[PDB]
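Written out below as structure tokens is the structure these notes cover.
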Amino acid sequence: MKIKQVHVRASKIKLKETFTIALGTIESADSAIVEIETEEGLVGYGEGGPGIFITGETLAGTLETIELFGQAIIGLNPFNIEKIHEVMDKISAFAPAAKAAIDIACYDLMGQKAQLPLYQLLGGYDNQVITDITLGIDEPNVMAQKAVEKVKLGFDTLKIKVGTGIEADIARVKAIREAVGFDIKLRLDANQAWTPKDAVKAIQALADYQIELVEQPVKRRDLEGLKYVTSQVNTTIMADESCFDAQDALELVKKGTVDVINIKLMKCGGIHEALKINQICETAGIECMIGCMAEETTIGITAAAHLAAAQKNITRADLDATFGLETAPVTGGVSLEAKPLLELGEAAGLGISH
Amino acid sequence: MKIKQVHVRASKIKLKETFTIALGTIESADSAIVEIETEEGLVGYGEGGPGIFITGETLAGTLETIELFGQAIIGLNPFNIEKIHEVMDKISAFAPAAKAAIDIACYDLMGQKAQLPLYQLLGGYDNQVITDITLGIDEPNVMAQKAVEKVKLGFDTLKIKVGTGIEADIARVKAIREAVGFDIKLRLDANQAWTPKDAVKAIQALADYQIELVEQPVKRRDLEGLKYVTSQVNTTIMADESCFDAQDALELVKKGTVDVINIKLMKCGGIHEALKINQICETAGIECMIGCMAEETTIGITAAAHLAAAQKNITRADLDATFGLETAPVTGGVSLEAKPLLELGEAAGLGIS
Ligand SMILES: NC(=[NH2+])NCCC[C@H](N)C(=O)N[C@@H](Cc1ccc(O)cc1)C(=O)O
Ligand SMILES: NC(=[NH2+])NCCC[C@H](N)C(=O)N[C@@H](Cc1ccc(O)cc1)C(=O)O
Ligand SMILES: [Mg+2]
Ligand SMILES: [Mg+2]
């Protein structure tokens, strides 16, 4: 198998609602979609979802970088994922969105060539995954109200954003908890909004509210502070923005900074790197959750789902990007229907087309 | 795809010459060969080559463990390597040769089902690997003579076994270098024979002999002593017995114990675990060398070679076990011919039988 050409396009999908977190707001899912054509005719799909306030990556920069990658890998075999990453890494010192777009299309091609759904090439642990659904920052009563709706859809786990103030945030969670029950799992995400000591105070305050875990409570670069929190509360602390790639993961398990690590293909540059992170974490006894950017769609979510279902240590999933899309940019893959169960079929690769 | 049956049998193959290392001698390559058959008819080949003075595993124990593993994975998909290792790990707390045997057969099946050479499923970086050849412990003049012989076979890298005493060990290396010149790369392996200070002393004494690297100079459990050697000499230090699995590797990287790590499928329980070790090392800027047990045959060596060719970070290889074998247990795969280049064909999976 040999890459004949790489085509990249912009993709802009209107979001059903404006999503808000501690870092900013978004109202449209704008990403870069890649199609890698082989000499034999097979075409793999990939996506790069840039999050300016998460990674600093932009759609313009991502499109440019992908174009450089595409010309550099013509003639290579999609199965030589080792060299493909070598090539991209030599070209750019940092561009996980661009690299993920190329990486994902390559794994899609691998599945299609082997004639196997992707999850079978990535571990084969399972052929489906259960995802939570996130609730963007809003008024305590507003969020609590939306919870009942999602639960009604079948969701047993809700991801709750907070970060305006320990005061209002605590009010947020409480409102939601005593609103949907106690059989519903509740994970919180403060997107670096709290200081070390305020984080501890805020977390402990929800002791009787039964919180599954708290995601990135402090600034991504404040590793001593993040470890402070983790070591001050019994509640499970998860690192997100503090962990982009495998080298970050190694540093975290090294220092014993957190309990769980959130993996995003758009932060690490694709499945090849995500596998490394998960392997490092599993070896250290740290479970992983697979997440997503608000700007990615069907292709990125589908890729992440195959990986999550395939790897045992990826024990949690936050793949709800497609639930907010007004329309699907492609055919097949994870549907836009807001449901917790993402079942991967037997279609080869990502099972995506059109 | 589903596993229908698991067959396992004993293979006892004489070595053409007794192989001596610091830990003892080996006279026969006795391994367990497994054949995993799927309901559709595809059959995967695997092997468990236990090295008693390395892991403590025996052929009898490896056979009993494989049998336990075999009857527990009936009906599972070979592609579900994640669950297959979970099942084996729950059954046994320690049996890397047995686990490798099942693991390798599964990857062979994956390759066959996908209709792809195994190296394509494991990274696809290359389709061949260049191996060194090891010289067993002997008198300086003899080892030197044997060195010239191997170089004549085209080998550009020789792995020198040492460990009977810094006095002799230093004499062995000096003699070898004098015989083959500085064009040949020489890596040493002490198999835990030296104290940390004798190690530094021996290494410093060979500074002018252009030593590529020194493998496991001190006892396996003496990590502080191993790091001591590593931080006392400019020569590259490699861990072998100090690193069995991914957890060991993570510990070595955390402590900055060594510069390179030796991966053996028979130490870590198969390709699945070997990949973890290499990824951990790569992430930490530690290169890896793929090695082998004397007891392995074409099956084990072929699997190791596919993995080494596939992964960029596995930059060195010591896959010379088939060179000492009187016979080959299966057709295909790496041949018995003593040659540095191991070219993997385009046959699906291992390309065996
Ligand atoms: N329906 C809906 N609004 N889904 C958004 C999914 C976002 C995802 N669960 C998430 O929280 N991702 C990041 C935060 C984030 C927000 C916005 C953008 O553009 C990028 C990332 C996280 O987990 O922190
Ligand atoms: N002549 C011969 N049969 N050589 C086999 C060399 C195997 C390999 N290169 C090696 O050295 N492996 C171990 C040492 C070892 C010796 C004997 C047994 O049974 C198992 C392992 C090492 O690298 O230390
Ligand atoms: Mg987060
Ligand atoms: Mg060794």
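Labels below follow one simple rule: chain letters A, B, ... track the order of the sequence lines, proteins then strands, and each chain is numbered from 1.
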Please identify, among A/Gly285, A/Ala249, A/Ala246, the residue contributing the most non-hydrogen atom pairs under 4.5 Å to chain B.
A/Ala246
Most heavy-atom pairs under 4.5 Å with chain B, out of A/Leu116, A/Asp126, A/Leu121, A/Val253, belong to A/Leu116
Starting from the C-alpha separation in whole Å, work towards a yes-or-no answer on side chain to side chain donor-acceptor pair (under 3.5 Å) for B/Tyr119 and B/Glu346.
CA-CA 9 Å; B/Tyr119 69 75; B/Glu346 299 301 330; 2.9 Å; yes
Which atom names give the shortest non-hydrogen contact between A/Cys268 and A/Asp245, and what distance separates them?
CB-CA, 4.3 Å
List the steps and the verdict of side chain to side chain donor-acceptor pair (under 3.5 Å) for A/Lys276 and A/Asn278.
CA-CA 6 Å; A/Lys276 293 182 188 172; A/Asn278 186 53; over 6 Å; no
Considering only heavy atoms, which portion of [X] lies under 4.5 Å from any heavy atom of chain B: side chain, backbone, both, or neither?
X	value
A/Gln120	both
A/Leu275	both
A/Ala284	both
A/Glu251	neither

Run the side chain to side chain donor-acceptor pair (under 3.5 Å) check on A/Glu273 and A/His85 step by step: do they pass?
CA-CA 9 Å; A/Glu273 188 73 13; A/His85 272 278; 5.7 Å; no
With the threshold set at 4.0 Å, does a side-chain nitrogen-carboxylate oxygen contact exist between B/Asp248 and B/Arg220?
yes
Do B/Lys267 and B/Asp240 meet the salt-bridge criterion of a basic N to acidic O distance under 4.0 Å?
yes
So for B/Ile81, is it side chain, backbone, both, or neither that comes closer than 4.5 Å to the heavy atoms of chain A?
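Both backbone and side chain of B/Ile81 come within 4.5 Å of chain A.
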Interface check, chain A: of B/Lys113, B/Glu282, B/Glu86, B/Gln247, most non-hydrogen pairs under 4.5 Å belong to B/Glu86
